[PDB]
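As a starting point, one isolated chain is supplied in structure tokens, in the form deposited in one PDB entry.
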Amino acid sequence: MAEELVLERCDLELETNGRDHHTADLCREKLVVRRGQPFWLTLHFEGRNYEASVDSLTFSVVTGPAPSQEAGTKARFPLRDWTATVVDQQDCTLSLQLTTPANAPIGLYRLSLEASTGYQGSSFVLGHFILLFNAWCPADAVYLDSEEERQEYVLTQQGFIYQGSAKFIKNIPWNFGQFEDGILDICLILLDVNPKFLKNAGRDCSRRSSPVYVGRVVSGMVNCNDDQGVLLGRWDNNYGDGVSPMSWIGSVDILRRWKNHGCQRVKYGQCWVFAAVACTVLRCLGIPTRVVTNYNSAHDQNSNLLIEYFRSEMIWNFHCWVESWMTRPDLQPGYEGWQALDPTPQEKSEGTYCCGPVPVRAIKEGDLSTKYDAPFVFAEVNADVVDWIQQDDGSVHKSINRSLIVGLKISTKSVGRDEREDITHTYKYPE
């Protein structure tokens, strides 16, 4: 006799979940949660309420265009690792607590409910939730065990980016604005239009379980090179047909301009702009990231770890990239922590203008076989400057130039303060 369950609505509990998962600014309209951590649902029913003796409910989550259990982009779990459990029941409502694994692929999931009383099961789409990286969760790869550092590197929307020269250091304020309306949606689009998604979407969604993979993707997709990336670089001081790199005050205008014109290159940017937009996207996705500036930054073109002049390679007044916090199970043990990611195009990696992630520790120790792109990053911070001087006798003499030392006063914003931290020690040993 007992007739089927009839759902009125699923309450996603935005305000509670938002506060618990540190996504309150993301959760005013849709549910955004962090992986590896329980979140609440409340099912409202129309006829009778859930009855454990009678009913058996099963859940389904799916992400991406080709979801499968093998890939970790589809899970099925019964109402009783993806779990769902009954926490409370009152009149017409049933209160649940779902959990996700700490190694779940980030992104937009669709949540369905199967309800049976022993016969033909009825199906319901409950809604959608976006699942992010979780720096608060000890099992997650991005885990950062310092609360003050999680505040700075994930949650803070304003920061400072260092520019100028080694001698004359200056800075600008920058609005990263990772939690402003529409920015998270633009980040998901960035991943969805990336080359590997276009090539094999099911595998690409599967691998968003790694901050390494995601990190690498972003260091590629922030520049427009090779793809539908965000920024076009320009360095010749003529920007009349775009925006001056120096006009920008924040990542938000760039990301939105990119979306509005159908994922079209944004004119124009330079290093700090690339790094800044990358910091926005990575912070939005929950990967603790920071912008670092390197003074006397060298561009090695022939991988000999020397910067060569002929009286020819380049040393910049400053160059900016980002570091992101994550374990590295793809490497030898001991490389967890900060990974250099570089979205500014300079040298190609695997046929494409991207760079990193590479452990900062690998740079410092000179373990240049470590992926990704350690030889290049080492040269940026710790190269010898060489002049091939032509002599009066027609001979060419190699000489070490110590007038301009590569990799000085490497800088990022202090935790929780409006001040500069020197992190030169993390990249290179003193001599």
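Heads up, when I say rigid core I mean the largest set of C-alphas that superpose within 1.5 Å between the two forms. Each residue number is its position in the shown sequence, starting from 1.
The same protein also has a form deposited in another entry, omitted here; what follows describes it.
With the core held fixed by superposition, the comparison between the shown form and the other one singles out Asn304 as the only member of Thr99, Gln264, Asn304, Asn103 whose CA moves by at least 2 angstroms. The two forms, fitted on the rigid core, differ between the shown form and the other one by less than 2 Å at the CA of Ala52.
After superposition on the rigid core, the Cα of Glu148 moves by less than 2 Å between the shown form and the other one.
In the core-superposed comparison between the shown form and the other one, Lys348 has its Cα shifted by at least 2 Å.
With a change of no less than 3 Å, the CA-CA distance between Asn225 and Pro105 is smaller in that other deposited form than in the form shown. Note: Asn223-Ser349 Cα separation is 3 Å or more longer in that other deposited form than here.
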